[PDB]
Amino acid sequence: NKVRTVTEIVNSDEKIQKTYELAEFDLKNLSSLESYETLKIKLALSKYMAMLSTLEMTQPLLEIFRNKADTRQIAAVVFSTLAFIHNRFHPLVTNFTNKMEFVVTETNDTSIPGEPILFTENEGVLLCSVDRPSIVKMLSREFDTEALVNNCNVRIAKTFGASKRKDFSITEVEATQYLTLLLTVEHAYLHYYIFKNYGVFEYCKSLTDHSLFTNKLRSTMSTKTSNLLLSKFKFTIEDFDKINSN
Amino acid sequence: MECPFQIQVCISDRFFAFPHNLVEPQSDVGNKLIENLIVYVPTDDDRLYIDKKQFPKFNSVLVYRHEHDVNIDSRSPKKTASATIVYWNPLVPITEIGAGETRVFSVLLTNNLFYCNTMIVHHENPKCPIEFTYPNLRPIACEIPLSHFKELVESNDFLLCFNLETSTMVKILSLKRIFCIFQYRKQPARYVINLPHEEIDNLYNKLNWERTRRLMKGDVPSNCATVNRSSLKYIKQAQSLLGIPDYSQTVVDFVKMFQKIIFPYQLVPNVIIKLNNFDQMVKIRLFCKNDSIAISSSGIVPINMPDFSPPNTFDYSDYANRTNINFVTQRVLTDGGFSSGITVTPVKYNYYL
Amino acid sequence: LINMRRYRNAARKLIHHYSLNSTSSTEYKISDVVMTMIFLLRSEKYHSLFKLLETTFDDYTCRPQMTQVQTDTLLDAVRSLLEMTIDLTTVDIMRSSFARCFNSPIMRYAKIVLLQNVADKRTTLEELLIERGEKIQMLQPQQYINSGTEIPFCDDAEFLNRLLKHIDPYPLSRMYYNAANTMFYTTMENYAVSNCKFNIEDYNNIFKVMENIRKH
Amino acid sequence: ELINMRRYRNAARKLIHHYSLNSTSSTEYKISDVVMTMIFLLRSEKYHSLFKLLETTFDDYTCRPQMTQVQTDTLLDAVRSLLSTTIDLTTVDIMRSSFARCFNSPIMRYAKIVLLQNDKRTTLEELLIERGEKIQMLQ
Amino acid sequence: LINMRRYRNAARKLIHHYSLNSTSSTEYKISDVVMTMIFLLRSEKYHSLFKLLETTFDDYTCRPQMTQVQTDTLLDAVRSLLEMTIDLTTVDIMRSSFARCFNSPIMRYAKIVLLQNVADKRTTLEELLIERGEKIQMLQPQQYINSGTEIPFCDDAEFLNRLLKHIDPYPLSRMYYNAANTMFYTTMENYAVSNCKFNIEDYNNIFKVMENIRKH
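Residues numbered from 1 in each chain as written, not as in the entry; some residues may be left out. Chains lettered and ligands numbered in written order. Part of a larger assembly, values for the part shown. Heavy atoms only, no water.

Listed as the method for this PDB entry is cryo-EM; the listed resolution is 4.1 Å.

Per the PDB entry, chain D goes by Protein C42 and derives from Autographa californica nucleopolyhedrovirus.

Naming follows the PDB entry, where chain B appears as Protein AC109 of Autographa californica nucleopolyhedrovirus. Quoted verbatim from the Function field of the UniProt record, the comment on chain B reads "Plays a role in the transport of the budded virion (BV) to the host nucleus and for occlusion of viral progeny." (UniProt positions renumbered as here; feature names shortened; annotations may be inferred.)

And the structure:
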C-alpha cells in the first residue's frame, strides 16, 4: 500500500515527513520479474532450437514430421526433446541411461487422444509411442500472429514506463511450433516421470486423471527443478463453468 | 536522343590505342583544310598517350579532357570552324564540333553515339579472355591500361584494380580497352576484377548492352561473352557436385560438355537452360544444318513455328483431370509408404509427342 | 452484384474457425454466416460444399453419402479454399459445426460450445486406453537408440545470441496462446473422432497442477 | 438447381413478415432461417433491391440509399407480393434496422484457452551469496 | 425572391458554430436554421450538402454512404463555403449536430448539448490510454535535443516594448475566452471521434485545481 518516512536532527525537533506510495515499487518489481521470466523462456527456446540444429537435419521441423518415411529423424527429435526436458529438471543429467525404443503410430485406432506421446515398457525396456499424424496436425494448424493476449491502472503505468524498440527461416510461426512441441514433450515427460517413480499403475491413473501430478511432482519439481514452462502463465478454458455445466 | 549529322563515329577495338594515322584535317565551307587539331580524351592521363608528332598534316595540335558543358545542348553543339575536332573514347555528350565532319573513335558505343548517323564499325576475329574469379597475380591499374600494355600483352594472370573514386563510365571504358587487348592476345589471359559482385554484374550488363548496340550497328557476333555472378555460382555448384575442380574446368568447356547431348538426344542441357534463365532475369531454341525441327526448352518444334503448338492440338482430359491425378498420387503414396513430398503432374505435349 | 472477394474472405475465416484449422479467435456473426453461404452458392467451384452445408438445414443428425468422386471433389475444393493437410474428418467436423450453428437460434450473445457428433458408440477413456495399449504393445519399435548416449547441446554462444535476437520481437504471450490452443484443438479433434467424451475437467486440471507446482 | 426456390420463398416470407410485424427477441427463429431468407432474396431478381438493402444493413446500419418514387413504389409492391396487408417505407426502414441487428448478432463459437497475468520475493542472504560470487568473478 | 446574401451569411455562421470551427458564440434561432436550409437548397453549388442535411430528417442514426467523388465534392463545397483545413470528420460532426437540432422540438429556451455520435464501440479513457501509449512507445523519436542547452530568451528591451505596445489594445478577457474555448472544442472533437465519453467533471476539475492553487 503506502509508507512514510520522518527525517529529524538529533538536537532539533523540526521533523520533515514524506509519504511514499508503494505502487511504483510494485510496478518496478513486476516489470523486472516479467522481463526476467521472458528472458529465461526465450533462452530455453533458443537453446532447444540450437541443439536441434546441432543434430543437423536438412528439412525444417514441420517437413520432418510430415515425412512419414524417415522415422529415424522423428525418433531423434523426440528423444532429444525428452532428454532436454529431463536435464532442465535434473541439470546434472546429460544422458538417459537405459536405452529407449520408439514407435510411430499411424492410425486413430493406434493413437490415444490427449497423449500424443506416451510410454510403455516391453518388460525389459521403455518404448515411446508417437502420434506423428497428431504432431503434424498440431504444428500445421494455422497460428494467429496478429492478435494480442491478456488492473487497468498498472497496465497504463507499465505502458507509459516500459519502452519499446522498433538470416533465419524462423518466423513467429516456427517459434510457436517449437514451443508447442516442447510443451507436448514436457507433458509426456511428466507422465513418464510419474511412471518411472511410482509404477505403471500410478502411470495409468495419471493418464486417467492428471490431477495426481500435483503431489506426485510438486514433491520434487517445485523445490529442486526449474518451474514448468506453462508456469509462465495462468491458463484457463473460456466459459469453463458453463461448459462444465453442459 | 538526337545526334548532329556533322559527327562521324568509328567503332573499333583497335581504338583502345588512339588511331593517329586515321586523323585528317577537315575542310571548311571554302574547302580550306584546317591545320589546327583538337583531340578530346575522357581523362587527363589519356593526354600522355597522344603523340602530337604523329600529326604531320596539322600545324598545331592540342589535347583536352572532354567535359560535359552543361551550358550547351548536345542536340545542337557549338561549332568551331577554326579547328578539326576529334574525340577519342568519349564518355559524355559532345557539345563542340569542328570544321567539316567532327571525327570520333571509340571502343565503346554508348547511347550518345548510338544514334549518331555516320557509324563505321571495324570487325575483328573474336578472341576471348578467361574469367578467373579467385581470391601470383599481376595487378593492373585499369584506369591506365596502356601503361601496363607490355604486361597485358605478355603475362596471363591479371588482377584488375581501380582507384576508389574512379567513375563508372571510366571503369567501363577501361574494361572495354583491356578486353580489346585480350582480343588481340594470341593466348587467352586469366583475370580477376577486384570489385564487388554487384558492381561487376552491372558493368557486365552495360558491356552487353554496348555489344548489342554494336551488333545493331552491324558488328560481327563474338562468342567472347561474359557470365553473371549467379550463373557462375550455379556453374561452380554443378562442377563441385560432379567433382570437377573449379581451377581445372573452365565454364566454356563445362557448357560445351553437353553439346554431345544437345542434338543426339534432341534435348536442351539443363545448364544452358539455367544460364538462359539467369540472362532473362538480367526461352531457348536451336537447330542443326538442314534440320527439319528445332530443339527448344519446350521440346521439339517445327522450324519457324511458334514455341507452342495451337492450344487444341492435344486433348489431355483423359489423365489431365483431378480424378486421375488424385488416383495416381494416392497410389504412389500407398506404394511408397509416404505421407508428404509427393506431387504428380499431368504431362502436356508440344507439337510432337 | 456482390463483393465476391469480401464474401470469400469471410467464408475462409469462418471455415477456418469452424474446422479448428486456425488458432486465431475472433468475433463472428450472422452477417459472416450469410457471407459464407452466399459465396459458396455463387462459386461454381464450391457447389458441392454448398450442397453439403445446405443439407444441414434438415435434421442434420445424419451421415451424407457420397461417391468417391464426390468426396474427392469436395476435399479438393476445401483444400483449394484453405490452401493447405485436410481430411474428410475435417469435412465432417465442418458439417457438424455448421449444422449446430444453423440450428441454433438468433441470440443476443455468442454461443460457446465443444466439438461433438464427429465420426455412434460412446467410448470411455478407460476403454480407449485398454484397446489402444493392446494394439501398441502388439506394434513393434520402428527404431531405437542405445543406452546412455548424450544430449547434443549446442556450443556456439554467438549462434545462440543470433537466435535470441531473431526471436526477441516474438511475444511470448501470443506464442503461448497459439501453442496451448493448438494442443487443445487437436485433443478435441481426437476425442470427437474417437467418439469418447472429452474431460474438460482434467484438461483444466493440467493447468491447476501447473499452478499448484508453481505456488510451491 | 441447388436452391429450392419454393421453400426459400416460404422461409423468406416467414422472416420478412415477422420482422415487418414487430422487432424484438423473437426466440423462435434460426440462423438457418436468416440464411434461407437472404439466399431467397439473392436468387429472386424481383426482390434483388431488398437483397441489396439488407446487404447494406450488414455491418453498420448506414443509410437507406435514395430511391425514386417509382423505385419505392416497386419496392413496396414487391414486399406485399411476397406477403396483402399494406406497408410503408417507414415499415421497410424499421424492418431494415431489425435485420441489421440480426446480422450484427453474434453466432456460435468454440471455447479456447486464455492466458491470465499472474507475490514471492527472494531473501537478501541468497541474493548476497550470488552477487558476491559475481563480484569475486569481476575484474 | 430571397436575400441570398443574408441567407448565405446566416448559413455560414450557423455552420461554423455547429462544426466548432469558430470560438465565437452567439444566439441562434429557427429563423437561422431556415435561412441555412433555404440557402443550401437555392445554391446549385451546395446541393450535395443540402441533400446530406435533409437526410437527417429521418432516423438520422445512420452513416450516409457516398462515393469518393461525392465525398470530395461535399468537402470542396464545405471548404469553399467556410473558406479554409477541413475533414469528413467535420462533415460528420455537422451531420450529427444538424440531426440533433432538426429532431429537437420547438422550445422557449435554447438547448445546450455536447458533441456526440461522431465516428460504434464505446471506449473508456483507460483503454484509450493503454492502446495509445503502446502505439506511442512503438513509435520512435523523430528528433531530439541534447542535455542541458539554454532557453533562448530575447534581449532587446526596445523590441519587447514595441511588442507590448502592439499587444496593448488586445483584451486579455477575449483572448483567454477564445483560447480556452478552442482547447475545449478540440478536446470535444477528439473525444467524439474516439467514441470515448468526455469527462466534463475532470475538464472542470482543471479550473477547480487552478482556483485551489490560486487561493493558496
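Having put the structure on the table, let's press on.
Describing helix α5 (residues 88–103) of chain E
For α5(E), built from 16 residues, the straight-helix expectation of 22 Å at 1.5 Å per residue is met to within 8% by its first-to-last C-alpha distance of 22 Å. The set of residues buried in α5(E) consists of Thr90(E), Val91(E), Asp92(E), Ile93(E), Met94(E), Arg95(E), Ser96(E), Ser97(E), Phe98(E), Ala99(E) and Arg100(E). (Helix = DSSP H or I, 4+ residues; strand = E, 2+ residues; numbered from the N terminus. Expected span 1.5 Å × (residues − 1). Buried < 20%, exposed > 50% of the residue type's maximum accessible area, 1.4 Å probe, protein only.)

Some thoughts on the interface of chain D and chain E
Chain D puts five residues into the contact, and the matching count from chain E is eight residues. Together, the buried faces of chain D and chain E total about 540 Å²; carbon and sulfur atoms form 61% of this surface. Looking at the side of chain D facing chain E, the largest losses of area belong to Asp60(D), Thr62(D) and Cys63(D), adding up to 72% of the total buried there. There are one salt bridge connecting chain D and chain E. (Contact = heavy atoms within 4.5 Å. Buried area = accessible area lost by both parts, 1.4 Å probe. Salt bridge = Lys/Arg side-chain N within 4 Å of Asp/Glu carboxyl O.)

Some remarks on the pattern of salt bridges
Evaluation of the coordinates by the stated rule reveals 57 salt bridges over all chains. Residue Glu83(E) pairs with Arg12(E) through a salt bridge whose shortest N-O separation is 2.5 Å. Linking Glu83(E) in the loop between α4 (68–82) and α5 with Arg12(E) in helix α1 (residues 4–19), this pair joins segments that are 71 residues apart in sequence. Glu131(E) serves as the salt-bridge partner of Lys135(E), at 2.6 Å between the closest nitrogen and oxygen. With a gap of four residues between them, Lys135(E) and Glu131(E) both fall in helix α6 (residues 125–138), about one helical turn apart. Shared partners join several salt bridges into a network, and the residues in it are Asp44(B), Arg47(B), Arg65(B) and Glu67(B).

Let's talk about the side chain of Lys232(A)
Its location among the elements puts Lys232(A) in the loop between α8 (221–224) and β6 (234–237). The class for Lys232(A) is buried, based on a relative accessible area of 11%. Of the polar contacts made by the side chain of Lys232(A), one reaches the side chain of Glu34(A); its length is 3.3 Å. Beyond its immediate chain neighbours, meaning those up to four positions away, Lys232(A) contacts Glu34(A), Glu37(A), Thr38(A), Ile41(A), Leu172(C) and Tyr176(C). (Polar contact = N/O pair within 3.5 Å; in protein donor to acceptor, adjacent residues only side chain to side chain.)

Focus on the pairing of strand β4 (residues 117–121) of chain A
All names here are of chain A. The element β4 is largely enclosed, with a buried count of four among its five residues. Direction of pairing for β4 relative to strand β5 (residues 126–131): antiparallel, over a ladder of five bridges. In the sheet register, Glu121 faces β5, and the bridge partner there is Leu126. Remark: four residues form the turn of the hairpin made by β4 and β5, two consecutive strands paired antiparallel; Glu123 in that turn has positive phi of roughly 75°. (Pairing = 2+ DSSP bridges.)

As for the interface of chain A and chain C
At the interface, 95 residues of chain A touch 79 residues of chain C. When the two sides are added together, the surface that chain A and chain C hide from each other amounts to roughly 8200 Å², 67% of it contributed by carbon and sulfur. Looking only at chain A, the three residues that lose the most surface to chain C are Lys42(A), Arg141(A) and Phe168(A), adding up to 9% of its buried area. Counting across the interface, chain A meets chain C through four salt bridges. The partner of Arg162(C) in a salt bridge is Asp167(A), with the nearest N and O atoms 2.9 Å apart. Our enumeration of links across chain A and chain C arrives at 40 residue pairs in polar contact. A total of twelve residues in the side of chain A that touches chain C trace back to one element, the largest contributor, which is helix α1 (residues 23–55) of chain A. Among the residues forming the side of chain A that touches chain C, the class breakdown is 40 nonpolar, 34 polar and 21 charged. As paired strands, strand β3 (residues 100–105) of chain A and strand β2 (residues 143–145) of chain C are joined by three bridges and run antiparallel to one another. (Nonpolar A, V, L, I, M, F, W, Y, C, P; charged D, E, K, R; others polar.)

What to know about the sheet that holds strand β12 (residues 190–193) of chain B
Residue and element names in this part refer to chain B. Reading across the sheet, the four strands line up as β9-β12-β11-β10 and stay open at both edges, with parallel pairing between neighbours. Both edges of this open sheet fall to β9 (130–131) and β10 (138–141), since each of them pairs with a single strand only. Strand direction decides the pairing type here: β10 and strand β11 (residues 157–161), joined by four bridges, are parallel. Across the sheet, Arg138 pairs through a bridge with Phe158, a residue of β11.

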